[PDB]
């Protein structure tokens, strides 16, 4: 099923699709972690995540070195902490949740937190506040292009202080989008893509 929600003049469309099949004339969101980690060894970053699929599909190992340098050099990324201890490897600079690094037509999001076991996790309020910063970045950077975003949080992300369901993750995305709209009266045209069986789990009647 495909739907288009008119949110007081701003249309958000929810439909089935593949984030990697969107034409190049559009922006695509991919959730990274609070370190923008790029090591896809199934230890730090897992190849099953979009974070992992994106790096393996578009980046050779020597290209990853340049990507790490461009992120490090992006002065707009707000730093929360430096010289953090990663016991199994990984980058040592932690960024604010919801920070967006622009990688050509892709918006790479500092989405989830990592502990010393490299377990991606968010408290519910951290998830809500992260999405707020994501819409803030998206509404700033869209430049009249359309933005495609997956159902952020509905993957391996551990929601450690709630029993939130995928339908509720979608509702939090729409609520924080409506909050962000108040600041950006002309927001981006956003499309939320559902993947495979996740399209059936969403109740479009309530949506």
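Numbering follows the first chain given and starts at 1.
Note on 131-139 vs 81-89: mean CA B-factor is higher in 81-89. For the segment pair 195-203 and 19-27, the entry gives 195-203 the higher mean B-factor, averaged over Cα atoms. Ranked within its chain, residue 116 lands in the highest third, by CA B factor from the PDB record. Among the modelled residues of its chain, residue 181 has a C-alpha B-factor that falls in the middle third according to the deposited record.
For residue 146, the recorded CA temperature factor ranks within the highest third of the chain's modelled residues.
For residue 167, the recorded CA temperature factor ranks within the highest third of the chain's modelled residues. In the deposited entry, the Cα temperature factor of residue 65 sits in the top third of values across the chain's modelled residues.
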